[PDB]
Amino acid sequence: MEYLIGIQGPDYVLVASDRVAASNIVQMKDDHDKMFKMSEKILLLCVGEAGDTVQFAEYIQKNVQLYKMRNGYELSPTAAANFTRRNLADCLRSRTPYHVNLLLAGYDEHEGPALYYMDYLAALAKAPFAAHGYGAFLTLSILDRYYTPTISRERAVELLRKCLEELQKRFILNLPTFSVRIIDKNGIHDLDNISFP
Amino acid sequence: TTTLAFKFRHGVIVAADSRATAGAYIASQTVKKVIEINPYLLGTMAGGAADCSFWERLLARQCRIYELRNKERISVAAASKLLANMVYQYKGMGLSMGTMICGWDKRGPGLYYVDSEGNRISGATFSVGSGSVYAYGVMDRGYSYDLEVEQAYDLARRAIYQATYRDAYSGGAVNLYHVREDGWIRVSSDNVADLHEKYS
Amino acid sequence: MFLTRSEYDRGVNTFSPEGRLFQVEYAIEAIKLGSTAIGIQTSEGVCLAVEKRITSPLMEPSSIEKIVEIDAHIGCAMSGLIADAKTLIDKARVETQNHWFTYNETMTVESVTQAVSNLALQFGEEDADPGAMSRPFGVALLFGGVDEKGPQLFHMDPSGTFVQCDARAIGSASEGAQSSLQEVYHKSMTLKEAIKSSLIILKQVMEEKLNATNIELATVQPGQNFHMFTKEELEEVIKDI
Amino acid sequence: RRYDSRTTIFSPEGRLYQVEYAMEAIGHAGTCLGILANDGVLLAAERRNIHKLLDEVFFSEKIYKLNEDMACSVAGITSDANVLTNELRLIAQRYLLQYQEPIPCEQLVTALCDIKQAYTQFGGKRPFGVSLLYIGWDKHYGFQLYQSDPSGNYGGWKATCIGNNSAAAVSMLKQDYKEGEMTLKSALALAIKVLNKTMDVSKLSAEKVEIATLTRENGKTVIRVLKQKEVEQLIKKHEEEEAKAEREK
Amino acid sequence: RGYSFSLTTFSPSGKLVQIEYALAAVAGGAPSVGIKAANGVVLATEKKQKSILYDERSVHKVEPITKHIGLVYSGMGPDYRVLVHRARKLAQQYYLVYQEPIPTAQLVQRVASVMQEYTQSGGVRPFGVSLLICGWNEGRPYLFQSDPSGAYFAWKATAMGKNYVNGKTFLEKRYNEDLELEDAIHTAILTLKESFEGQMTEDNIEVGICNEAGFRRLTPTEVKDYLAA
Amino acid sequence: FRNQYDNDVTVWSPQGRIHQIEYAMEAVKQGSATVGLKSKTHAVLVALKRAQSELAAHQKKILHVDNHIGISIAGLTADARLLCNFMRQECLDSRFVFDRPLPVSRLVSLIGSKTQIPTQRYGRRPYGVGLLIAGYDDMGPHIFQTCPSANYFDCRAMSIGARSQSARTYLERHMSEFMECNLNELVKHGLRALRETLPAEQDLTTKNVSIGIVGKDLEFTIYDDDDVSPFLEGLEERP
Amino acid sequence: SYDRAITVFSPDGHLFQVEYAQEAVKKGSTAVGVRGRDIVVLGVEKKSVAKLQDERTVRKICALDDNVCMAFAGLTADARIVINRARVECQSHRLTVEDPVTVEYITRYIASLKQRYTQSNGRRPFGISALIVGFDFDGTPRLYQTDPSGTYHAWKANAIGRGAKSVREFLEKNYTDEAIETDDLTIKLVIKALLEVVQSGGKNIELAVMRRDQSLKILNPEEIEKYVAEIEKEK
Amino acid sequence: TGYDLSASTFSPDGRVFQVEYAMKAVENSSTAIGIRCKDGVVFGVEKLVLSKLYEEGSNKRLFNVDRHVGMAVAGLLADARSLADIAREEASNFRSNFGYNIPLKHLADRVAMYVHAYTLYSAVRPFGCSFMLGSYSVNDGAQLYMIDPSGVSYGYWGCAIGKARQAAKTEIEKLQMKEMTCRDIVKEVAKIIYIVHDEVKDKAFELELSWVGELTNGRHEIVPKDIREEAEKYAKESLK
Amino acid sequence: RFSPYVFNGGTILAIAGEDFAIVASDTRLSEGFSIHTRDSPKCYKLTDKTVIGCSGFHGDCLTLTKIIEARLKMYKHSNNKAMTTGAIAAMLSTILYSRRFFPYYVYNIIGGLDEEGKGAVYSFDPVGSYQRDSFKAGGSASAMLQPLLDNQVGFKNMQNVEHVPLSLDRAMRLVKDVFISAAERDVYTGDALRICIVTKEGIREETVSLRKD
């Protein structure tokens with residue numbers, strides 16, 4: 001029911017998510033932020049069953065920031081991905097499985113940009129582009145169609161706009177506004193919200 | 001039930017009905033569904049009355065302990081997060097709560113919505129209960145951040161009135177509160193019959 | 001002729017000959033190291049006062065907290081170990097709020113004092129819980145609050161014994177301060193007279209000349225809640241003296 | 001009278017004498033040495049056991065490999081050393097399981113030092129009577145040498161020695177070590193020099209020392225123990241150089 | 001002083017003196033000799049009995065932990081049996097986990113870890129026994145010693161017990177790496193012959209050997225045949 | 001010397017005496033005196049309270065466990081409070097489970113077991129408090145005493161605390177009349193008995209006396225400073 | 001007699017092992033803290049390089065969180081444990097109440113930990129005293145001190161460790177509203193105070209600042225050299 | 001000599017002296033005797049009256065540990081009451097599990113092992129009580145057992161404990177209990193107790209008696225007061 | 001298979017007053033279609049100023065009464081005072097919520113005199129949510145009884161009718177009448193009515209006959 005999309009590039013990773021939090025039918029919030037900055041150059045996008053999303057996101061955020069404070073350097077995106085995957089996978093067997101679907105986006109000085117994908121069963125996969133939610137089924141073909149490994153960031157925001165206006169055209173739920181931000185060597189950069197009135 | 005809360009320039013207006021039902025039997029038409037957690041922040045109860053009352057009271061004692069220990073009143077965000085964590089610990093065990101923690105802090109007016117499912121969200125307008133869907137239309141069409149205090153009271157009263165008109169399990173009287181920067185005040189308790197006399 | 005063997009004072013849970021249990025007695029001696037505190041109970045209210053004993057000018061005066069609020073109805077003044085005092089104050093606060101939660105009412109000063117006293121008693125280690133300090137609590141508390149019975153002042157000691165007292169002094173100059181209390185005190189005195197007399201006694205015992213900085217003063221009256229005299233109010237009264 | 005017992009009593013003047021007595025124990029131990037170079041880092045130790053009827057079955061008596069990217073040499077009680085090395089290996093592999101990256105050197109040292117501090121503080125257990133040197137390469141800070149003591153206190157050293165005649169070793173290293181100019185060969189020669197100075201035996205036997213080097217080749221760390229022929233060549237070269245320096249005068 | 005009695009107390013000059021006392025307990029134990037031949041390793045010890053009434057078959061000082069591992073001791077008899085049971089159990093745990101016979105080095109590591117585990121706690125005493133653990137793994141012989149301290153060493157040949165220093169000197173004089181076990185058993189009985197203070201017989205000594213076949217305790221008739229020389 | 005054998009409860013002495021238990025039994029002597037006596041229809045507890053200072057209130061020496069049982073303490077107030085909590089919970093448990101008042105004899109048996117456990121084990125000290133337990137049950141009025149040693153007795157009358165031998169001898173010489181007394185006569189006898197313990201200068205007052213009465217028709221009630229004046233007025237004077 | 005166990009009180013009611021731990025704190029390297037109007041400066045002396053040691057491993061000043069930092073004088077390992085425990089408590093408090101820690105909250109937690117170790121035998125007190133600095137939500141500067149006993153007190157400015165008496169006497173003399181007026185003046189005040197007790201000026205002081213809404217900055221050795229040069233010249 | 005301080009310790013000559021020191025505890029106690037005859041077992045105790053204030057039928061040293069067995073104690077009364085609680089628990093557990101009344105030999109063995117547990121460990125002292133147990137069952141017969149503080153247990157045709165053990169034992173020895181019957185044995189028990197009582201040292205005593213046997217249908221019970229008075233009058237007459 | 005509850009029937013009523021409170025209940029216990037007993041009053045005297053009435057599963061009613069009595073004794077011991085009606089109400093709320101997940105199947109009504117001297121009635125759902133009410137009926141016949149109380153006592157839906165404070169006599173008449181009607185048209189409620197009236201004097205118990213089935 002909630003849409004996440006991520007596009008990796010040569011020197012960046014672009015991420016966007018819908019801004020809707022909802023009750024049964026009422027759309028309680030129009031400006032919900034599903035993006036959590038674990039560190040300066042890594043973001044965690046989370047969608048899933050309510051409560052589990054915020055609880056797990058906050059737990060991983062605070063653990064990563066504790067790593068920062070203790071050791072003086074930030075975790076790698078790959079290491080953060082493996083860590084949150086471990087936490088999610090351990091809970092899967094337990095009586096309190098966090099039903100959460102995540103997308104982790106990061107930039108490493110040594111290893112460059114990275115986008116990571118994990119499902120509620122806690123599989124992990126690096127990917128060039130990925131999406132979560134029912135809208136992902138509609139929008140993945142857009143990315144698979146027009147994506148290039150050498151895509152520039154202007155082209156990437158254009159591609160993302162195409163992907164989202166497809167949701168506007170066809171997806172049953174109303175996802176009127178989306179948040180967008182880029183990670184690069186400089187760090188997380190907020191971008192203007194792609195808003196379809 | 002129907003509970004209503006919105007933020008505007010001069011504070012937060014909290015409104016609620018007073019009907020509690022078991023099955024279709026109206027056990028009480030005078031339930032006080034706006035729980036005065038503290039002199040400075042207050043909450044609402046929708047869903048299970050026992051769950052809401054017990055957990056909001058526990059939040060109240062935690063808030064007073066915090067005030068005594070840290071020499072400062074807890075923020076609405078911290079109170080909401082405490083309650084959210086407490087209810088989330090019991091997720092899947094059948095608690096039913098939907099409640100709006102309301103207060104001022106250093107940030108400004110504070111309105112949050114927390115539910116037994118686990119969501120905690122802050123927003124300009126909220127409504128919780130069976131009559132939420134009916135209250136939302138009137139509140140949304142009438143709401144503006146720049147609103148006179150009397151006009152805010154009026155839209156709150158009318159929203160709860162229409163919600164009681166349409167929804168069977170919400171009724172009784174409309175209890176209304178204004179959260180003001182010094183603290184909360186209880187502005188009115190108008191019965192739905194008198195409100196029907198007025199509006200019609 | 002000196003017999004100084006003692007050989008039984010060390011280690012709680014040892015009854016010495018004549019059965020005196022000297023560790024607790026040494027703990028009761030310990031509060032005499034603390035700053036003098038003083039309490040007077042009156043019909044108009046109960047007042048509490050204490051000398052802060054500021055070590056250096058750079059230390060912030062507000063940080064020294066030898067009078068505190070258990071709740072609106074009850075406040076405490078302490079002399080002795082600040083740390084275990086903080087522990088007992090925490091116990092008092094949580095017990096007051098538990099009583100509010102369970103019975104929707106305010107505890108009496110006697111009940112709160114008994115609640116903290118029960119915790120103080122646990123040095124005996126009758127309970128099997130690991131998290132109880134083996135040593136007795138090296139602090140004495142003065143509990144002052146207005147209850148259903150009106151203004152009440154209760155004294156608590158390291159033993160955990162507690163009693164109501166019309167006026168009491170704890171700390172270093174408790175000996176002599178109590179004699180001054182005994183001569184000055186009469187049950188009819190108003191809280192203004194009690195404040196003045198307690199500050200006179202504190203001025204007498206205190207080594208440094210009395211000033212608004214080096215004392216802490218508080219009162220809880222039936223209409224009011226627990227109140228601490230501010231710098232200005234302290235200035236007014238210490239000028240009046 | 002006695003404020004040196006139970007490792008939990010601060011003596012007057014505020015000293016924990018049990019940990020100091022434990023620090024006394026490492027001085028008896030066989031000397032161990034570590035030197036940091038631009039291209040690599042080495043560990044060299046004196047095999048104090050020189051009994052004739054002993055077999056060199058193991059990888060090394062003193063040198064232990066804790067991870068792909070680091071190693072350690074130990075001076076102190078061998079049993080506590082075995083325990084600490086087992087704990088170190090488990091810590092490293094736990095970090096690799098959690099983060100899927102190699103343990104940082106400083107983090108591993110810090111974890112074991114936290115254990116060693118914990119044994120000081122609580123009453124029943126004795127402090128670990130061990131001091132050990134850590135050598136490793138990490139992506140963040142490159143080649144690193146670390147020392148630890150029974151107290152649980154660690155530091156980073158360009159070069160240091162622990163054990164018997166550690167003061168003499170450090171005095172020799174202070175003058176000899178060239179900051180920013182060492183290579184692994186020069187550091188090996190310096191190690192042979194300081195070991196010859198410290199060790200009572202007139203001639204380093206080449207069975208009375210164990211030398212191991214850590215280097216990064218082809219993007220992968222290699223921890224290698226110099227074989228008896230290699231260390232024989234090293235002592236021969238040092239003897240020749242020292243004699244030629246003698247011959248000139 | 002107080003350092004003497006406590007086990008968790010480093011003495012001044014940094015000595016855990018109770019462990020040294022346990023090693024002194026080991027030194028009082030009966031002589032035991034271990035010699036690692038090229039094709040085998042022999043473990044030998046004296047089984048001197050207080051009287052003829054003792055039944056030699058009842059108890060053995062040389063015990064097999066596994067098919068290819070066996071060990072002998074000098075020190076306290078009860079402690080020996082506690083750890084021999086624990087060693088057998090550890091080897092079986094290894095076989096359950098890895099389905100391979102445990103290496104001798106690994107077994108000595110584990111039993112030494114146990115021995116170290118005992119020294120740390122004040123409520124317990126160290127094991128007043130040392131062991132010579134011999135094994136044949138990967139077509140190679142092994143001999144090890146494990147002390148009360150929890151430390152272990154690898155010896156080509158060594159002796160424990162009474163007169164262990166003199167026995168070790170006799171061994172280093174007599175030891176040659178090229179020895180076959182047929183000669184090594186002779187050297188071992190000679191090493192013990194230094195220190196009996198009695199006329200050795202088949203009963204008074206117990207000896208065992210390891211090889212590609214595995215550990216075995218050669219019978220009284222076998223040791224009689226070897227003693228005849 | 002024999003400083004050894006006194007350190008802990010777990011050490012027997014060469015003549016079969018556990019000295020720490022005796023040192024605990026010394027504790028009851030430290031406290032202010034208490035007296036208890038019974039008639040066919042009533043059981044009484046009377047106490048001499050002490051005050052730290054003139055301004056301070058007198059300490060609580062009589063405590064109610066249940067309607068049918070109440071206690072008076074001599075020795076450590078801490079141990080008294082703990083044992084009183086245990087007794088109260090036992091009585092509450094009996095009422096919850098069986099819906100009957102707990103027999104007083106059975107309650108003192110429970111106290112004896114709980115008190116005995118410290119004496120034998122290393123660790124917790126003996127309860128250094130002596131209690132007089134008085135109650136009415138179906139069998140009749142009862143008075144018991146419990147020592148810091150877990151042994152307990154059943155008594156026609158008893159006095160514990162400082163200078164209690166004087167009260168005991170008064171009680172013994174006057175005991176025969178107690179059984180047929182009215183409650184007023186009985187409380188007066190007990191008041192005179194504790195008056196024996198007081199210093200000659202000191203005298204009974206409303207303040208320093210507390211009286212505890214239980215009977216067939218009377219639940220345990222502690223008559224406080226104001227309420228003891230009816231009982232005290234009858235007493236004549238010091239002899 | 002009465003100095004061998006933490007639990008036992010002495011005659012006259014002195015607990016002496018905690019006093020011995022407070023004495024152990026005095027052995028440690030000096031640290032100084034001062035509250036400027038918009039800055040809090042925390043300065044710590046450096047014992048010595050030893051010429052074969054890497055300075056980065058040894059750092060007395062540490063950041064518990066974005067808005068709080070501490071410096072310590074006392075047992076280094078104990079300080080490391082306490083720092084880690086306070087850091088995890090900081091992140092846990094943010095997790096629990098969705099708000100950043102206040103300086104008084106974290107100093108209360110550290111004091112409670114030290115108190116917990118004092119109360120029970122079988123555990124020795126943490127042989128450290130700490131100087132915790134941070135900016136609260138209102139933006140007021142805060143400086144607190146803790147000791148092995150477990151009492152905590154706010155200080156306008158203070159020192160801990162060896163020479164604390166001398167440097168705090170100097171600071172009682174020197175400190176005033178005028179000195180706190182400038183951030184550079186605050187830094188220069190703490191530098192002069194550490195200069196009161198240290199062998200050499202620039203080499204042997206490690207200094208750091210926290211600004212109103214910025215992270216901790218350890219001043220570069222060149223910056224410290226410039227500041228001591230300005231201080232040296234004015235004399 | 002620190003050997004006597006603890007029960008974990010051994011003397012260099014192989015003696016655990018704390019247990020002997022605990023055995024000296026019972027000798028402080030007033031005497032108690034139990035005699036076994038054909039019909040059953042009779043118990044008697046010399047309960048010294050410390051004060052007139054103390055109620056009669058108090059400080060009972062004769063306990064009923066089950067319906068078919070009774071217990072008589074000498075030594076510390078607190079430890080004795082606790083041991084009686086232990087014995088009652090053991091008997092109840094035996095009935096609950098094995099479905100019938102506990103054999104006296106087994107009960108003595110279990111309580112003796114419980115007692116013997118304490119002599120080993122250093123944390124806890126030996127018990128300060130020595131007690132006698134007696135029962136009659138038509139199957140087992142009359143049985144009398146005595147347990148010392150050590151945990152030694154044995155069966156006695158006649159037994160004595162406490163201060164006057166030796167004198168009581170010779171007086172019991174010249175009795176021929178095996179042929180005799182219980183209603184005579186009560187009289188002779190009264191005689192022996194009155195003999196061994198020391199009027200000078202001990203001011204007064206109240207004879208406390210009990211028995212178990214066929215006359216009770218195998219239930220331990222306190223003597224009817226008429227029989228008590230008859231035995232006491234006989235004892236006073238014989239004393240001369 | 002095993003059902004831990006059974007509805008033992010009965011109804012309870014409580015009606016407050018300016019200076020009095022009344023608590024009244026049936027005295028019938030009925031499992032299924034059979035009558036267990038005809039004399040089992042549902043009203044229990046907690047204190048001089050308070051009465052509790054419980055209806056629902058009788059085992060839960062019994063255990064809750066025992067628990068409340070014990071905790072009343074405990075409060076008396078600790079605080080040296082009797083619990084007020086509000087205090088008992090809050091304590092009961094907490095006790096009921098303690099078993100949120102295996103609840104007490106009881107409908108409770110607390111009726112008493114408050115500290116001020118006025119009558120107060122506190123009404124509880126099975127899971128412990130509680131509210132001060134001027135009057136309420138609980139149990140099987142709540143639906144039947146409470147409307148007439150709302151009309152007569154609350155003067156609801158009545159136009160041009162003066163509001164009079166309720167009197168003791170009028171209240172008792174009303175209670176008897178409503179219980180008679182519930183006896184007529186509710187199968188569970190009948191065969192007696194115990195009226196427990198609390199005043200400054202104390203509890204006074206009157207019994208009036210209701211029709212046997």
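Note that Cβ sites are derived from N, Cα and C of the backbone, with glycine treated the same way.
According to its DSSP assignment, C:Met1 (N-acetylmethionine) is coil. Annotated N-acetylmethionine per Swiss-Prot: C:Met1, in sequence order.
Cβ-based neighbour count (10 Å, all protein chains) for C:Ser16 (phosphoserine) stands at 18. Positions annotated as phosphoserine by Swiss-Prot, on the basis of a large-scale study or a structure entry: C:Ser16 (among others).
The number of other CB atoms found within 10 A of the CB of C:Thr55 (phosphothreonine), across every protein chain shown, is 10. Annotated phosphothreonine per Swiss-Prot: C:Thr55, in sequence order.
Under the three-state DSSP scheme, C:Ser56 (phosphoserine) falls in the coil class. Per Swiss-Prot, the feature phosphoserine maps to C:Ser56 (among others).
The secondary structure of C:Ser63 (phosphoserine), as reduced to three states from DSSP, is helical. Long-range Cβ neighbours of C:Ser63 (phosphoserine) (same chain, at least 6 residues apart, Cβ-Cβ under 8 Å): none. What Swiss-Prot records for C:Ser63 (among others) is phosphoserine.
As annotated by Swiss-Prot, O-linked glycosylation site applies to C:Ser198. The Cβ of C:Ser198 (O-linked glycosylation site) has 27 neighbouring Cβ atoms from other residues within 10 Å, across all protein chains displayed.
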TODO: Determine, to the nearest whole angstrom, how far the Cα atom of C:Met1 (N-acetylmethionine) is from the Cα atom of C:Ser16 (phosphoserine).
DONE: 21
Task: Assigned element (helix, strand, coil) containing C:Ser16 (phosphoserine), judged by DSSP - done: coil
Open item on the list: Test of understanding: give the count of other CB atoms lying within 10 angstroms of the CB of C:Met1 (N-acetylmethionine).
Closed with: 2
- [ ] Could you measure between C:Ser16 (phosphoserine) and C:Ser198 (O-linked glycosylation site) for me? Cα positions, answer in whole angstrom.
- [x] 39
Open item on the list: Taking 10 A as the limit, how many CB atoms besides its own sit near the CB of C:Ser56 (phosphoserine)?
Closed with: 14
Open item on the list: If I take the alpha carbons of C:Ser198 (O-linked glycosylation site) and C:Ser56 (phosphoserine), what is the distance between them in whole Å?
Closed with: 25
Task: Cβ under 8 Å to chain F, applied to recorded positions C:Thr55, C:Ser56, C:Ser63, C:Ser198 - done: none
